[PDB]
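J.: Would you mind keeping the following structure in view while I ask a few things?
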Amino acid sequence: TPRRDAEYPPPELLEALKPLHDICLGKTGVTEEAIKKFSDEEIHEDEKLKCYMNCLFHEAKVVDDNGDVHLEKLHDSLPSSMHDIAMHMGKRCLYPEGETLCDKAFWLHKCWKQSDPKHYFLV
Ligand SMILES: [Mg+2]
């Protein structure tokens with residue numbers, strides 16, 4: 001079951017993600033419910049959600065010159081409290097597959113959620 005309490009997900013990270021959520025939901029058209037369901041419930045297929053995921057990586061400045069996720073930039077952008085969790089969650093998710101940047105972004109989130117459903121979250 002996903003860990004959801006006063007300390008996790010890190011409140012400061014959730015707060016920082018709010019304006020990125022607004023920008024990305026406005027650009028991609030994903031619904032609030034699709035995001036919450038992927039975060040807390042089952043992995044599901046939603047093309048706008050995949051693009052929302054890609055958009056968050058771009059808005060968080062954790063992508064390379066072609067828009068692909070740079071995993072070191074991503075790790076560095078996270079609070080230290082989740083560095084360990086992130087490393088294990090991603091150690092078998094190093095090389096995304098997918099045609100589009102949205103497909104690859106979804107590949108990452110699915111791989112992370114499959115690896116550690118307790119700590120995975122999406123906002
Ligand atoms: Mg497609």
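In the structure tokens, chains take letters A, B, ... by order of appearance, with residues numbered from 1 within each chain and ligands from 1 in the order shown.
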For ligand 1, list the contacting residues at 12 Å or closer, counting only C-alpha atoms and all ligand atoms, as a PyMOL selection string.

T.: chain A and resi 45-48+50-51+98-104+106

J.: Using the chain letters and numbers from this document, which residues of region 10-118 of chain A does DSSP assign to alpha helix (DSSP H), as an NGL selection string?

T.: :A and (11-28 or 32-40 or 47-59 or 71-77 or 83-90 or 101-115)

J.: Show which residues sit within 10 Å of residue 85 (chain A), as a list in words. Count only C-alpha atoms, and ignore same-chain residues fewer than 6 positions away.

T.: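 Counting only C-alpha atoms, the residues come to residues 116, 119 and 120 of chain A.
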
J.: Could the residues in this selection be saved with C-alpha atoms as an mmCIF file, in the first residue's frame?

T.:
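Saved the output as result00.cif:
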```
data_model
loop_
_atom_site.group_PDB
_atom_site.id
_atom_site.type_symbol
_atom_site.label_atom_id
_atom_site.label_comp_id
_atom_site.auth_asym_id
_atom_site.auth_seq_id
_atom_site.Cartn_x
_atom_site.Cartn_y
_atom_site.Cartn_z
ATOM 1 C CA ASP A 116 8.526 0.263 -5.267
ATOM 2 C CA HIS A 119 7.174 4.917 -2.180
ATOM 3 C CA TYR A 120 6.047 5.766 -5.665
#
```

J.: Under the rule that only C-alpha atoms are counted, which of A:19, A:96, A:9, A:117 is the nearest residue to residue 69 (chain A)?

T.: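 Under the stated criterion, the closest residue is A:96.
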
J.: Which of these, A:83, A:44, A:61, A:109, has the shortest distance to residue 20 (chain A) once you count only C-alpha atoms?

T.: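 Among A:83, A:44, A:61, A:109, it is A:61 that comes nearest to residue 20 (chain A).
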
J.: Considering only C-alpha atoms, return as a PyMOL selection string whatever protein or nucleic-acid residues lie within 9 Å of residue 71 (chain A), sequence-local ones (same chain, fewer than 6 positions apart) excluded.

T.: chain A and resi 62-63+90+94

J.: Nearest to residue 8 (chain A): which of A:36, A:92, A:118, A:58 is it, counting only C-alpha atoms?

T.: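 Nearest to residue 8 (chain A): A:118.
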
J.: With only C-alpha atoms as the atoms that count, which of A:2, A:67, A:26, A:10 lies nearest to residue 81 (chain A)?

T.: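 Closest candidate: A:10.
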